[PDB]
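Single-letter residue listing:
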Amino acid sequence: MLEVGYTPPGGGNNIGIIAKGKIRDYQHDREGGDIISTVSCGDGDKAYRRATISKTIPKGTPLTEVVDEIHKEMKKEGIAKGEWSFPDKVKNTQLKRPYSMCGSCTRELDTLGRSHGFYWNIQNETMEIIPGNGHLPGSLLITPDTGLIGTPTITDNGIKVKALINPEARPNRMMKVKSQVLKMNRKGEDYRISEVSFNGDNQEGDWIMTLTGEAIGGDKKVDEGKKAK
Amino acid sequence: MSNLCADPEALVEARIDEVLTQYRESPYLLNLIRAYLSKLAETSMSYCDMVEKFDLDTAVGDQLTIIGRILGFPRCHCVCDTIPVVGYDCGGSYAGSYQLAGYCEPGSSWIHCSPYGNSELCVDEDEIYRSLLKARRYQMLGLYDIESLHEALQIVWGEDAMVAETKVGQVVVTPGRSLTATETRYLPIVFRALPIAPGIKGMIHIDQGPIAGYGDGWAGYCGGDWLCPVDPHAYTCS
Amino acid sequence: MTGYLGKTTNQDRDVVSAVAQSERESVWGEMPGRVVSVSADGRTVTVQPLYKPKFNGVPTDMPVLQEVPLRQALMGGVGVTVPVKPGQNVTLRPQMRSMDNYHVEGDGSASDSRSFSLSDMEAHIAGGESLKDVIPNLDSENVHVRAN
Amino acid sequence: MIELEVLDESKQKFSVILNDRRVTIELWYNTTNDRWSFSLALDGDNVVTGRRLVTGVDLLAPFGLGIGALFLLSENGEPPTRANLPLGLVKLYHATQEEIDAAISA
Amino acid sequence: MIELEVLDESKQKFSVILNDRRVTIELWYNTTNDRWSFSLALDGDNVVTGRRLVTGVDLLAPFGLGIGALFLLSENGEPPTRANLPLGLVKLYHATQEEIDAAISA
Amino acid sequence: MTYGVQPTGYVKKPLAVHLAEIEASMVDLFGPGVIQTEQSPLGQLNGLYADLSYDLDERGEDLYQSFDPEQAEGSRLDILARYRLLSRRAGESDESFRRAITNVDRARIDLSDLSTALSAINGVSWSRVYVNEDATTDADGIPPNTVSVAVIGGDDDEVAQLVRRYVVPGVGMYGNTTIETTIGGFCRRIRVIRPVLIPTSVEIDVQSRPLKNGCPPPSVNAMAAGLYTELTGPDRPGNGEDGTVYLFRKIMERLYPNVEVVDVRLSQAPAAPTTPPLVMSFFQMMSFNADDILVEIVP
Amino acid sequence: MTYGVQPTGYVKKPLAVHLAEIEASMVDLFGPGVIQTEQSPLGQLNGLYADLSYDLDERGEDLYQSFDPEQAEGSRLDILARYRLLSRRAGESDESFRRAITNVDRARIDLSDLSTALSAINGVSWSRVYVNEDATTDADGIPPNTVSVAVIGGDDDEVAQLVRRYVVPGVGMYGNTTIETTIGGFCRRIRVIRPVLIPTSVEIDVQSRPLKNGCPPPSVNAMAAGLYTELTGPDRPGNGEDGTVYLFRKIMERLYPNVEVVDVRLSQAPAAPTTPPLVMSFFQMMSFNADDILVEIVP
Amino acid sequence: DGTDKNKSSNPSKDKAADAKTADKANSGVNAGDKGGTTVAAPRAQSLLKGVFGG
């Protein structure tokens, strides 16, 4: 657990979890005489290593019961279930021929994604699934009146926005971004959240987060970008 | 709870208090705002009559129908009965094949009414449907004992009602009073609402008067009568 | 394997062996399959192979492989044959490269330039059946040839 | 449906995703007749050019582009003028064929 | 079981993993009736909205959401108030179904 | 105060009534000389606030209909059912679940609690409840003062533990399957009916009766598939229901009123169809196959 | 809609939205240049509206919540409890009352629950409950559709109240003793069984058999006292139980594994010992005395 | 949005002039993912008996 936030003299508490940690590697350091303890942690890191499944799976079985099946083994390793939103093509597909599973869960999780074009990820010991062109419910406002730093920087698909770390910002959500520049950039307001970056300090380096989002179209679909085979 | 809401004039003035000093004495602007806000406050007051309009002891009309459909006892039921039909008997008397109504009967139904066209006697009086729902509360909970069936009967019929005998599979009840025609016609529906265990047959006293015998709670020579259980035909024509 | 030590300070070694691992997944190899139909010319079989690779954490099915070159144990026609019927088990083998028009033309090179495609499977008699399903009467001392 | 913003510029050009298509719409004011015209490009090809923006009708019906309907609306049918269209007194809306069908069925 | 901290804010929102589901809870105070209310969304889908916080009952029982029991307690059975809920004089708890079963069997 | 909650329902004040009240308030404030035409600055304000007042009326109607199972939907439909502590079935629609709460006829409001709790069990495809409450055995074979249950599916332990708490002590059960149950050490043997399915072969001869030479009867397959659906639905023939010409005609005309059923023919498969009735005992049920049904149009 | 009454419940609208909607509506009426700032008269109207409408929104939420017993609080909670037959006890807080409104919607009248209550009454040293559910009279003499209660000790009035609280009307009561208690002035004729204790003389002959570990066979008086305690304990032979070789051999063997039983002899004091088939009617019970038990080892 | 100079600014708790109006205008404070403090085994069992036992 790495809990970050703002604790103003009045107000209240804004502190929430931005990263839940399974220690990766630690190492002290002297600079003058100091001792800085540089921690690295683990994200689903018990599942990226020790999760191995055992599956015979027959024909006719729908195309989601076994995301539950794989989550059984990934749950033996202490992973929680997030929101799963499959593609519509996925929700309705059935089976002609049987479905090997022997080896490593994450490895053939990746082949899953490459094979039906969907995203899955682990966000603080909770595993979410979304479509490539879709996102999950939950919106977050970023404006010069709501924590905006500089540009809502424009990109090919969407934006990359800096702000003060303020905990809700999760991948696979929606951010509504307003400024005095995006209007003449004609860029929308709603964007999916794909990349999240947290950099901060307690004394000098203010809490800063940067969010990369790929724009949602008029169709309520994300601007995927040209996937190269 | 308690008083949910207050008088609209209280809410509106509570908001008028928040006006600015430069407008505190603008009678046209303040009265315009009062006209626009008092109407909304008055519209919303009307909701504070969705609180006890569903009280089982005093509900009427659609509010009682809604309670009945929550409790699972509808206002009307299929029966083996020639429901009276509102209409004229060609004055003195006409042969016909129906029976007629005269502005005061629970069997309110026309030729063209849908429940009537399929034999659904519909309970129109609230003071009887309310009693039927109060009794249905007992079937709901499965309170089949005497100590509960007696309160079911007190509510349906009156203080003189009693439960008489427990033979093998057959239980007798009595209102303890002469029944009026409305109650007589609705009687088949009373035995669908009373708390009597399934597989056990409900009876009714013939004269609907208190039963006689020995002991503490019954009626003697004056007022009592000899028992005679008869089939109310609550579910059958036979 | 992914993430030997943790969250997001993923070693450059991890995110390179992960690419090698994924590309090692991508290659095809053997797998058992069920014959769906047998062409009248007797060299291509419609096969519904019994393997699904891992999709959306769940069974999806890769489609019935078509015009799969059936491969009897013959050289120049001189050899042994087995009567292939709808419902039997074959083993599939992909090639290093596809051979589209080495079968469409016999002059010998397919379309673009790949390796190891799903669309390059030969079907073979030996290697397809399951050990659960028992083939009876395995003559274990004498060379046996069967017609049933 | 989606509302399309109009800037207070005589000539302008934006891009929107409609029915999974990248659509480039370019609006320009004709002062000689005091009107707005629009050109529409689907995937780089200008399929529509020089069409007047008029209220109350589907501007794309003649063309069968498969991207739904674009239409102008106003409180009382006031025509879209130089001042009126940027201010939002007349608004530009896009609706899909599905939404149009469901609304008709209503 | 666990205790869920309540901030001194008339409207607050947080997320917790209950039975390995991401449950987002939103509490808001209603001044007119002086009572706290909660909405619950299971992994981004709003499943419970506008329920009143009441002490001594399971708040999630009607819905069969499969996320255990969410209940409020106080020493002398007071009702939750703007002042009393954030101060911890009334505590919000989550109990897992197995724990509930074990207590009932014990 | 004729509006709001009235004995006939929630009566809505019309938008025009709202606007008239607002105008009457403004005439008293500004005088008879005020202008309120629908296009004036004051008329526009009156329109906006009349719309807001009517929207409050809409909320009132919503709050009144949220307590009415016939209009309540979703989680509040479940909360209403929680008064009798009923529960919804998986995938069950609001129509279906409101029929259970209302007890639409049911033909006997009693034992509806048992009928619905039974249907709420997992796996129970079909269920039915019977009673013989006289002092004599009925023609169906049920002894007097007895409750009979017919159920398809669901585990016997769960079914019997449920039936035991609905059937009181002193009242017997009639059936062909026995389940031994125990609560607190006392053992009651619950008898239920697990109807035996007799495959039935059905052949129907129909005639075409076009209502005013309009839409003609549908194809033979389009009729056999519909008849199979009707016979497999929740209104399928029950146990002890003999197959008669009436039973099938009442279905064929109802589904396709432009068709006259001339000759029904039934048999116990694989035997040849013949003259009805096909007698089913109280423990037997007719089971139909999508192929066995045949329909033929006769000149 | 997104606000108001929805399937998930009541979606209350924020004050910021209440204000923004009215500002947008005023722009629709008067154009985007209309001045609505905090200081202007129209801004005064918008702010006060937003406030009042948020208040009305909150009152709507309260009224919505007050239809659910699990959220109502007070006299309205009483209104909703009266649909399930509960009256707020004097001084009972809303918490305790809302807890009380969580109840079986089904009778709790199982004979296990009857017997448990019997065992709890003072003086009731022994009790057993039997039921005849079949349509035929069983061999023990219980008429069909009847519940028989055998009890020893305990006051008769309280036990009669107990039996009539658990046996529903229309179910018979078999027994030998009649009791007459009044509730609501309604005297009933409650039939119970007060078993007839007839003393029994028992003689058991056993063969000592050393165990596999090397234990010594138990003494005569230990055998005769361990049998007395078991036979006078809560697991005693009940009424209508025929003292038999099966019964006594099973008790003796289970108590003393290293001992075999040769024969059993049973009689009634003073009648001399005879074959072990002591016949008992459903009303009689086997009684015992410590001295009337004789055990003796057989070589 | 609040950028329109012809409209009022958005109601927020910070700029409300009273505690009551601050409560009414509180847009909402959203903590991140939370972990509940565990309850000791005996206290938890006692509380569960108190609640779900009757």
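- As recorded in the entry header, the structure was determined using cryo-EM to a resolution of 3.19 Å.

- Per the PDB entry, chain H carries the name Pam3 tube initiator gp17 and comes from uncultured cyanophage.
- Here the PDB entry title reads "Cyanophage Pam3 baseplate proteins".

- The name that the PDB entry assigns to chain D is Pam3 plug gp18, with the source organism given as uncultured cyanophage.

1. Here's the deal with the overall build of chain D
Here comes step 1: Check the secondary structure of chain D and you find two helices and seven strands.
Here comes step 2: The N-to-C order of helical and strand elements in chain D reads β-β-β-β-β-β-α-β-α.
Here comes step 3: In terms of overall dimensions, chain D is globule-like: its C-alpha atoms have a radius of gyration of 13 Å, near the 13 Å expected for 106 residues.
Here comes step 4: By its C-alpha atoms, chain D is 40 × 35 × 20 Å across when sized along the principal axes.
Here comes step 5: Across the 106 residues of chain D, 36% fall into the buried class.
Here comes step 6: Pairs at least 24 apart in sequence give 33% of the contacts found in chain D among residues at least 6 apart.
Here comes step 7: Carbon and sulfur atoms provide 48% of the accessible area of chain D, an area that totals close to 5,900 Å².
Here comes step 8: Put simply, chain D has 9 plus and 15 minus side-chain charges, and the middle of one group is 8 Å from the middle of the other.

2. Here's the deal with the interface of chain G and chain F
Here comes step 1: Taken together, the contacts link 43 residues of chain G with 36 residues of chain F.
Here comes step 2: Between chain G and chain F, roughly 3,500 Å² of surface is buried when both sides are summed, and carbon and sulfur atoms account for 62% of that area.
Here comes step 3: At the boundary of chain G and chain F, one finds three salt bridges.
Here comes step 4: Residue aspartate 110 of chain G pairs with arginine 164 of chain F through a salt bridge whose shortest N-O separation is 3.3 Å.
Here comes step 5: Where chain G packs against chain F, one counts 11 residue pairs in polar contact.
Here comes step 6: Looking at the side of chain G that touches chain F, the elements with two or more residues in it are β2 (9-11), α1 (15-30), α2 (41-65), α5 (111-120), β3 (126-132) and β4 (146-152) of chain G.
Here comes step 7: The greatest single-element share of the side of chain G that touches chain F, amounting to seven residues, is contributed by α2 of chain G.
Here comes step 8: Classifying every residue of the side of chain G that touches chain F by side-chain character gives 26 nonpolar, eight polar and nine charged.

3. Quick notes on the interface of chain B and chain F
Here comes step 1: Taken residue by residue, the interface counts 43 residues in chain B and 52 residues in chain F.
Here comes step 2: Considering only the surface of chain B that becomes buried against chain F, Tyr36, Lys39 and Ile70 of chain B emerge as the three largest contributors, covering 17% of it.
Here comes step 3: For the interface between chain B and chain F, the tally reads four salt bridges.
Here comes step 4: As a salt-bridge pair, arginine 136 of chain B and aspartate 113 of chain F come within 3.9 Å of each other at their nearest N and O atoms.
Here comes step 5: Where chain B meets chain F, there are 15 residue pairs in polar contact.
Here comes step 6: The element best represented in the side of chain B that touches chain F is helix α2 (residues 27-45) of chain B, accounting for 10 residues.

4. A look at the environment of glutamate 203 of chain F
Residue and element names in this part refer to chain F.
Here comes step 1: Position of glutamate 203 relative to the elements: it lies in strand β8 (residues 196-208).
Here comes step 2: Relative accessible area serves as the criterion here: at 26%, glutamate 203 is assigned to the partly exposed category.
Here comes step 3: Residues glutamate 203 and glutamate 296, spaced 93 residues apart in sequence, show a C-alpha to C-alpha distance of 7.8 Å.
Here comes step 4: At 2.8 Å, the side chain of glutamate 203 forms a polar contact with the side chain of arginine 265.

5. Concerning the pairing of strand β9 (residues 121-124) of chain C
All names here are of chain C.
Here comes step 1: Residue alternation in β9 divides its side chains into two sets, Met121 and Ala123 and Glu122 and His124, and both sets are buried.
Here comes step 2: Across four bridges, strand β8 (residues 89-94) lies against β9 in antiparallel orientation. In the sheet register, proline 94 faces β9, and the bridge partner there is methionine 121.

6. Some details on the state of the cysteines
Here comes step 1: With the rule as written, the count across this model stands at three disulfides over all chains.
Here comes step 2: Through a disulfide, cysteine 5 of chain B is tied to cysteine 48 of chain B; the S-S separation comes to 2.0 Å. Of this pair, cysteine 5 of chain B sits in the segment before α1 (8-16) while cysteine 48 of chain B is found in the loop between α2 and α3 (62-71), placing the two residues 43 residues apart along the sequence.
Here comes step 3: Given a relative accessible area of 19%, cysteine 48 of chain B falls into the buried group.
Here comes step 4: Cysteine 76 of chain B shares a disulfide with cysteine 122 of chain B; S-S distance 2.1 Å. Here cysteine 122 of chain B lies in strand β4 (residues 120-122) and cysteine 76 of chain B lies in strand β1 (residues 76-78), a separation of 46 residues in the sequence. For the pair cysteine 76 of chain B and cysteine 122 of chain B, one class covers both residues: buried.
Here comes step 5: Distance from the sulfur of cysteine 105 of chain A, which forms no disulfide, to the nearest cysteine sulfur (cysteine 102 of chain A) is 11 Å.

7. Points about the packing of aromatic side chains
Here comes step 1: As enumerated under the stated definition, the model contains 31 aromatic pairs over all chains in all.
Here comes step 2: Considering the side-chain rings of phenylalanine 54 of chain B and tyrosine 64 of chain F, the 5.6 Å spacing of their centres and the 40° angle between planes classify their relative orientation as tilted. Of this pair, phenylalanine 54 of chain B sits in the loop between α2 and α3 while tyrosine 64 of chain F sits in helix α2 (residues 41-65), placing the two residues on different chains. Across this residue pair, the class does not change: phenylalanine 54 of chain B and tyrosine 64 of chain F are buried.
Here comes step 3: Every member of this aromatic cluster is reached through a ring pair, and the members are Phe54 of chain B, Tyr10, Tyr64, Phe67 and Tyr83 of chain F together with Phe67 and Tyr83 of chain G.
Here comes step 4: A cation over an aromatic ring shows up here: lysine 227 of chain A above the ring of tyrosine 119 of chain A, its NZ or CZ 5.7 Å from the ring centre.
Here comes step 5: Seen from the ring of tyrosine 64 of chain G, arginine 76 of chain F lies directly overhead, with NZ or CZ sitting 3.9 Å from the centre.

8. Quick notes on the side chain of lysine 12 of chain G
Here comes step 1: In this fold, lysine 12 of chain G is placed in the loop between β2 and α1.
Here comes step 2: Side-chain polar atoms of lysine 12 of chain G contact the side chain of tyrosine 54 of chain G, separated by 3.1 Å.
Here comes step 3: Excluding its chain neighbours within four sequence positions, the residues that come into contact with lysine 12 of chain G are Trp28, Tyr29 and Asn30 of chain E together with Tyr3, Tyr54, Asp57, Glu58 and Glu61 of chain G.

9. Digging into the pattern of salt bridges
Here comes step 1: Inspection of the entire model under this criterion finds 67 salt bridges over all chains.
Here comes step 2: Sharing partners across several salt bridges, the network here consists of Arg35 and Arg52 of chain E together with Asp62, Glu73 and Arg98 of chain G.

10. Comments concerning the pairing of strand β8 (residues 139-142) of chain A
Side-chain positions along a regular strand alternate between the two faces of the sheet.
Residue and element names in this part refer to chain A.
Here comes step 1: Burial of β8 is one-sided: the residues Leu140 and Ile142 facing one way are buried, the residues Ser139 and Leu141 facing the other way are not.
Here comes step 2: Relative to strand β11 (residues 174-177), β8 runs parallel, the two sharing four bridges. The residue bridging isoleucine 142 from the neighbouring strand is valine 177, located in β11.

11. Quick look at the sheet that holds strand β6 (residues 170-174) of chain B
All names here are of chain B.
Here comes step 1: Judged by pairing direction, the sheet is mixed, and its three strands sit side by side in the order β5-β6-β7 without closing on themselves. A single partner strand is all that each edge strand has here, and the edge strands are β5 (162-166) and β7 (201-202).
Here comes step 2: Looking at chain direction, β5 and β6 are connected through three bridges and run antiparallel. Paired with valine 163 across the two strands is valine 173, which belongs to β6.
Here comes step 3: Packing against the sheet, helix α6 (residues 146-156) makes contact with β5 and β6, and its axis sits at approximately 140° to β5.

12. Here we look at a negative patch on the surface
Residue and element names in this part refer to chain G.
Here comes step 1: On the surface, a cluster of negative charge is made up of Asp155, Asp156, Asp157 and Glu158.
Here comes step 2: For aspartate 156, the position within the fold is in helix α6 (residues 156-166).
Here comes step 3: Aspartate 156 gets classed as partly exposed once you look at its relative accessible area, which sits at 31%.

13. What to know about the packing of α1 of chain G against α2 of chain G
Residues and elements named next belong to chain G.
Here comes step 1: Across the interface, α1 lies against α2 with an axial gap of 8 Å and an inter-helix angle of 135°. Classified by the angle their axes make, α1 and α2 are oblique. Crossing geometry of α1 relative to α2 is assigned as right-handed. Contacts from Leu15, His18, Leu19, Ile22, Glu23, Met26 and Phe30 in α1 reach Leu42, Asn46, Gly47, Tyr49, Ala50, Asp51, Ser53, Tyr54 and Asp57 in α2.
Here comes step 2: Its residues assigned to classes, the contact of α1 with α2 shows nine nonpolar, four polar and three charged.

14. Observations concerning the sheet that holds β4 of chain G
What holds strands together in a sheet is hydrogen bonding between their backbones, with the strands either parallel or antiparallel.
All names here are of chain G.
Here comes step 1: Here three strands make up an open sheet; going across it, the order is β3-β4-β5 and the pairing mixed. Lying at the two open borders of the sheet, with one neighbouring strand each, are β3 and β5 (172-174). For this sheet, the mean angle separating the axes of adjacent strands, direction not counted, is 25°.
Here comes step 2: The sheet contact formed by β3 and β4 spans seven bridges and is antiparallel.

Scoring rules and cut-offs
- Residues numbered from 1 in each chain as written, not as in the entry; some residues may be left out.
- Chains lettered and ligands numbered in written order.
- Part of a larger assembly, values for the part shown.
- Heavy atoms only, no water.
- Helix = DSSP H or I, 4+ residues; strand = E, 2+ residues; numbered from the N terminus.
- Rg over C-alpha atoms; globule rule 2.2 N^0.38 Å.
- Buried < 20%, exposed > 50% of the residue type's maximum accessible area, 1.4 Å probe, protein only.
- Contact = heavy atoms within 4.5 Å.
- Areas by Shrake-Rupley, 256 points an atom, 1.4 Å probe, with all protein chains shown as cover.
- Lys, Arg positive; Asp, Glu negative; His and termini not counted.
- Charge placed at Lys NZ, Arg CZ, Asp CG, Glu CD.
- Buried area = accessible area lost by both parts, 1.4 Å probe.
- Salt bridge = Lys/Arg side-chain N within 4 Å of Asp/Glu carboxyl O.
- Polar contact = N/O pair within 3.5 Å; in protein donor to acceptor, adjacent residues only side chain to side chain.
- Nonpolar A, V, L, I, M, F, W, Y, C, P; charged D, E, K, R; others polar.
- Pairing = 2+ DSSP bridges.
- Disulfide = S-S within 2.5 Å.
- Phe/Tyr/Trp six-rings, centres within 6.5 Å; stacked < 30°, edge-to-face > 60°.
- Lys NZ or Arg CZ within 6 Å of the ring centre and 35° of its normal.
- Axes fitted to C-alpha atoms, helices over the stretch in contact; angles between N-to-C directions.
- Patch = residues over 30% accessible without salt bridge, like charges linked within 9 Å, V, L, I, M, F, W, Y side chains within 5 Å.
- Parallel < 35°, antiparallel > 145°, perpendicular 65-115°, else oblique.
- Left-handed = near helix turned anticlockwise from the far one by under 90°.

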